[PDB]
$ cat model22.json   # JSON, N, CA and C atoms
[["chain", "number", "residue", "atom", "x", "y", "z"],
["A", 1, "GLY", "N", -10.14, 9.13, -3.77],
["A", 1, "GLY", "CA", -10.91, 10.30, -4.13],
["A", 1, "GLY", "C", -10.02, 11.37, -4.74],
["A", 2, "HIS", "N", -10.42, 12.63, -4.54],
["A", 2, "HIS", "CA", -9.72, 13.75, -5.17],
["A", 2, "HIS", "C", -8.32, 13.99, -4.59],
["A", 3, "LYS", "N", -7.98, 13.39, -3.45],
["A", 3, "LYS", "CA", -6.66, 13.64, -2.89],
["A", 3, "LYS", "C", -5.59, 12.91, -3.70],
["A", 4, "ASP", "N", -4.37, 13.43, -3.63],
["A", 4, "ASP", "CA", -3.24, 12.83, -4.34],
["A", 4, "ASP", "C", -1.97, 13.11, -3.56],
["A", 5, "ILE", "N", -0.94, 12.31, -3.84],
["A", 5, "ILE", "CA", 0.32, 12.41, -3.12],
["A", 5, "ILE", "C", 1.09, 13.63, -3.61],
["A", 6, "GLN", "N", 1.61, 14.41, -2.67],
["A", 6, "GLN", "CA", 2.37, 15.61, -2.97],
["A", 6, "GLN", "C", 3.85, 15.33, -2.75],
["A", 7, "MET", "N", 4.67, 15.64, -3.74],
["A", 7, "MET", "CA", 6.10, 15.40, -3.62],
["A", 7, "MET", "C", 6.73, 16.46, -2.72],
["A", 8, "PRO", "N", 7.69, 16.10, -1.87],
["A", 8, "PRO", "CA", 8.29, 17.09, -0.97],
["A", 8, "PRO", "C", 9.01, 18.19, -1.75],
["A", 9, "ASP", "N", 8.95, 19.40, -1.20],
["A", 9, "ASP", "CA", 9.63, 20.54, -1.81],
["A", 9, "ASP", "C", 11.07, 20.69, -1.34],
["A", 10, "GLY", "N", 11.50, 19.89, -0.37],
["A", 10, "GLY", "CA", 12.83, 20.05, 0.18],
["A", 10, "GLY", "C", 13.91, 19.63, -0.79],
["A", 11, "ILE", "N", 15.13, 20.06, -0.49],
["A", 11, "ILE", "CA", 16.30, 19.78, -1.31],
["A", 11, "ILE", "C", 17.36, 18.98, -0.57],
["A", 12, "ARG", "N", 17.13, 18.64, 0.70],
["A", 12, "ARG", "CA", 18.05, 17.84, 1.48],
["A", 12, "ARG", "C", 17.39, 16.51, 1.83],
["A", 13, "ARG", "N", 18.23, 15.51, 2.12],
["A", 13, "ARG", "CA", 17.71, 14.17, 2.38],
["A", 13, "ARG", "C", 16.83, 14.15, 3.63],
["A", 14, "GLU", "N", 17.18, 14.96, 4.63],
["A", 14, "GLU", "CA", 16.47, 14.92, 5.91],
["A", 14, "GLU", "C", 14.99, 15.26, 5.72],
["A", 15, "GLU", "N", 14.68, 16.23, 4.86],
["A", 15, "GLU", "CA", 13.29, 16.52, 4.57],
["A", 15, "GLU", "C", 12.59, 15.32, 3.95],
["A", 16, "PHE", "N", 13.27, 14.62, 3.04],
["A", 16, "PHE", "CA", 12.67, 13.46, 2.39],
["A", 16, "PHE", "C", 12.39, 12.35, 3.39],
["A", 17, "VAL", "N", 13.34, 12.07, 4.28],
["A", 17, "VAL", "CA", 13.13, 10.99, 5.25],
["A", 17, "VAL", "C", 12.04, 11.37, 6.24],
["A", 18, "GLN", "N", 11.97, 12.66, 6.61],
["A", 18, "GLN", "CA", 10.88, 13.11, 7.46],
["A", 18, "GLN", "C", 9.54, 12.94, 6.75],
["A", 19, "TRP", "N", 9.49, 13.25, 5.45],
["A", 19, "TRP", "CA", 8.24, 13.11, 4.71],
["A", 19, "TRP", "C", 7.79, 11.66, 4.63],
["A", 20, "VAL", "N", 8.71, 10.75, 4.29],
["A", 20, "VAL", "CA", 8.30, 9.36, 4.14],
["A", 20, "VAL", "C", 7.95, 8.76, 5.50],
["A", 21, "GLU", "N", 8.68, 9.15, 6.56],
["A", 21, "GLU", "CA", 8.32, 8.70, 7.90],
["A", 21, "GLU", "C", 6.95, 9.21, 8.31],
["A", 22, "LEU", "N", 6.49, 10.31, 7.71],
["A", 22, "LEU", "CA", 5.22, 10.94, 8.06],
["A", 22, "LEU", "C", 4.12, 10.56, 7.06],
["A", 23, "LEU", "N", 4.36, 9.51, 6.27],
["A", 23, "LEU", "CA", 3.39, 9.07, 5.29],
["A", 23, "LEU", "C", 2.09, 8.64, 5.96],
["A", 24, "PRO", "N", 0.96, 8.78, 5.27],
["A", 24, "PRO", "CA", -0.35, 8.58, 5.93],
["A", 24, "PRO", "C", -0.57, 7.19, 6.49],
["A", 25, "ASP", "N", 0.21, 6.19, 6.07],
["A", 25, "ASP", "CA", 0.14, 4.80, 6.53],
["A", 25, "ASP", "C", -1.13, 4.09, 6.08],
["A", 26, "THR", "N", -2.06, 4.79, 5.42],
["A", 26, "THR", "CA", -3.26, 4.16, 4.88],
["A", 26, "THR", "C", -3.06, 3.79, 3.41],
["A", 27, "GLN", "N", -2.04, 2.97, 3.17],
["A", 27, "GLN", "CA", -1.68, 2.61, 1.81],
["A", 27, "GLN", "C", -2.79, 1.80, 1.16],
["A", 28, "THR", "N", -3.18, 2.20, -0.04],
["A", 28, "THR", "CA", -4.11, 1.48, -0.89],
["A", 28, "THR", "C", -3.42, 1.15, -2.21],
["A", 29, "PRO", "N", -3.92, 0.16, -2.95],
["A", 29, "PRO", "CA", -3.31, -0.14, -4.26],
["A", 29, "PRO", "C", -3.35, 1.02, -5.23],
["A", 30, "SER", "N", -4.24, 2.00, -5.01],
["A", 30, "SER", "CA", -4.29, 3.16, -5.89],
["A", 30, "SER", "C", -3.01, 3.97, -5.83],
["A", 31, "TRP", "N", -2.24, 3.83, -4.74],
["A", 31, "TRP", "CA", -0.93, 4.46, -4.69],
["A", 31, "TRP", "C", -0.03, 3.92, -5.79],
["A", 32, "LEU", "N", -0.08, 2.60, -6.02],
["A", 32, "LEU", "CA", 0.77, 1.97, -7.01],
["A", 32, "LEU", "C", 0.37, 2.32, -8.44],
["A", 33, "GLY", "N", -0.82, 2.89, -8.63],
["A", 33, "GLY", "CA", -1.40, 3.07, -9.94],
["A", 33, "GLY", "C", -2.44, 2.03, -10.29],
["A", 34, "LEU", "N", -2.49, 0.93, -9.55],
["A", 34, "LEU", "CA", -3.50, -0.09, -9.75],
["A", 34, "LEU", "C", -4.87, 0.42, -9.30],
["A", 35, "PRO", "N", -5.94, -0.16, -9.82],
["A", 35, "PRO", "CA", -7.27, 0.18, -9.31],
["A", 35, "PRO", "C", -7.43, -0.27, -7.86],
["A", 36, "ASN", "N", -8.34, 0.41, -7.15],
["A", 36, "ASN", "CA", -8.51, 0.14, -5.72],
["A", 36, "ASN", "C", -9.04, -1.26, -5.46],
["A", 37, "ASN", "N", -9.63, -1.90, -6.47],
["A", 37, "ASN", "CA", -10.16, -3.25, -6.27],
["A", 37, "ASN", "C", -9.06, -4.31, -6.32],
["A", 38, "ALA", "N", -7.82, -3.91, -6.62],
["A", 38, "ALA", "CA", -6.73, -4.87, -6.67],
["A", 38, "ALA", "C", -6.50, -5.54, -5.32],
["A", 39, "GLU", "N", -6.62, -4.76, -4.24],
["A", 39, "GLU", "CA", -6.50, -5.34, -2.91],
["A", 39, "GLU", "C", -7.59, -6.36, -2.64],
["A", 40, "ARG", "N", -8.82, -6.05, -3.07],
["A", 40, "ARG", "CA", -9.92, -7.00, -2.89],
["A", 40, "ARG", "C", -9.67, -8.28, -3.67],
["A", 41, "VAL", "N", -9.19, -8.16, -4.91],
["A", 41, "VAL", "CA", -8.90, -9.35, -5.71],
["A", 41, "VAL", "C", -7.80, -10.18, -5.06],
["A", 42, "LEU", "N", -6.74, -9.51, -4.59],
["A", 42, "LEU", "CA", -5.65, -10.23, -3.94],
["A", 42, "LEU", "C", -6.12, -10.93, -2.67],
["A", 43, "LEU", "N", -6.97, -10.27, -1.88],
["A", 43, "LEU", "CA", -7.49, -10.90, -0.68],
["A", 43, "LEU", "C", -8.37, -12.09, -1.02],
["A", 44, "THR", "N", -9.17, -11.99, -2.08],
["A", 44, "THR", "CA", -9.96, -13.13, -2.52],
["A", 44, "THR", "C", -9.07, -14.30, -2.92],
["A", 45, "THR", "N", -7.99, -14.02, -3.66],
["A", 45, "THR", "CA", -7.07, -15.07, -4.06],
["A", 45, "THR", "C", -6.40, -15.71, -2.84],
["A", 46, "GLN", "N", -6.01, -14.89, -1.87],
["A", 46, "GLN", "CA", -5.38, -15.42, -0.66],
["A", 46, "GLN", "C", -6.36, -16.27, 0.14],
["A", 47, "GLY", "N", -7.63, -15.86, 0.21],
["A", 47, "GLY", "CA", -8.62, -16.67, 0.88],
["A", 47, "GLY", "C", -8.84, -18.00, 0.19],
["A", 48, "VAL", "N", -8.88, -17.99, -1.14],
["A", 48, "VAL", "CA", -9.01, -19.24, -1.89],
["A", 48, "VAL", "C", -7.79, -20.13, -1.65],
["A", 49, "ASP", "N", -6.61, -19.52, -1.57],
["A", 49, "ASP", "CA", -5.39, -20.29, -1.31],
["A", 49, "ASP", "C", -5.43, -20.92, 0.08],
["A", 50, "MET", "N", -5.91, -20.18, 1.08],
["A", 50, "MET", "CA", -6.02, -20.73, 2.42],
["A", 50, "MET", "C", -7.06, -21.85, 2.47],
["A", 51, "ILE", "N", -8.16, -21.69, 1.72],
["A", 51, "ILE", "CA", -9.14, -22.77, 1.60],
["A", 51, "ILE", "C", -8.50, -24.01, 1.01],
["A", 52, "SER", "N", -7.71, -23.84, -0.06],
["A", 52, "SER", "CA", -7.06, -24.98, -0.69],
["A", 52, "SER", "C", -6.08, -25.66, 0.26],
["A", 53, "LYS", "N", -5.32, -24.86, 1.01],
["A", 53, "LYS", "CA", -4.37, -25.43, 1.96],
["A", 53, "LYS", "C", -5.09, -26.20, 3.06],
["A", 54, "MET", "N", -6.19, -25.65, 3.57],
["A", 54, "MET", "CA", -6.96, -26.36, 4.59],
["A", 54, "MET", "C", -7.57, -27.64, 4.05],
["A", 55, "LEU", "N", -8.04, -27.62, 2.80],
["A", 55, "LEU", "CA", -8.58, -28.84, 2.19],
["A", 55, "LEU", "C", -7.49, -29.90, 2.03],
["A", 56, "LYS", "N", -6.30, -29.49, 1.59],
["A", 56, "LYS", "CA", -5.18, -30.41, 1.51],
["A", 56, "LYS", "C", -4.78, -30.92, 2.89],
["A", 57, "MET", "N", -5.03, -30.13, 3.93],
["A", 57, "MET", "CA", -4.68, -30.50, 5.29],
["A", 57, "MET", "C", -5.47, -31.69, 5.81],
["A", 58, "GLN", "N", -6.63, -31.98, 5.24],
["A", 58, "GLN", "CA", -7.44, -33.12, 5.68],
["A", 58, "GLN", "C", -7.87, -33.97, 4.49]]
$ encode --input "model22.json" --output "structure tokens"
Amino acid sequence: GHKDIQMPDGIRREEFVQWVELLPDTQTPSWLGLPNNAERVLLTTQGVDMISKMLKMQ
């Protein structure tokens, strides 16, 4: 949505490490610049891959 990542205003490394350690942890592909459906596409591909592996299994 309208929210976006804000770069730290600090000038020392400690502020940067505190900021990254305090990251929201709700990473979405939109962080990378990719569309948010990229995760859905990747999960679909992984599910198809698991289906193929299970089919090869028997």
$ atom_distance --input "model22.json" --atom1 "atom CA of residue 19 of chain A" --atom2 "atom CA of residue 37 of chain A"
27.0 Å
$ residues_around --input "model22.json" --residues "residue 29 of chain A" --least-positions-apart "5" --cutoff "9 Å" --atoms "only C-alpha atoms" --output "ChimeraX atom specification"
/A:34-39
$ select_by_dssp --input "model22.json" --residues "segment 2-57 of chain A" --states "alpha helix (DSSP H)" --output "JSON, numbers by chain"
{"A": [13, 14, 15, 16, 17, 18, 19, 20, 21, 37, 38, 39, 40, 41, 42, 43, 44, 45, 46, 47, 48, 49, 50, 51, 52, 53, 54, 55, 56, 57]}
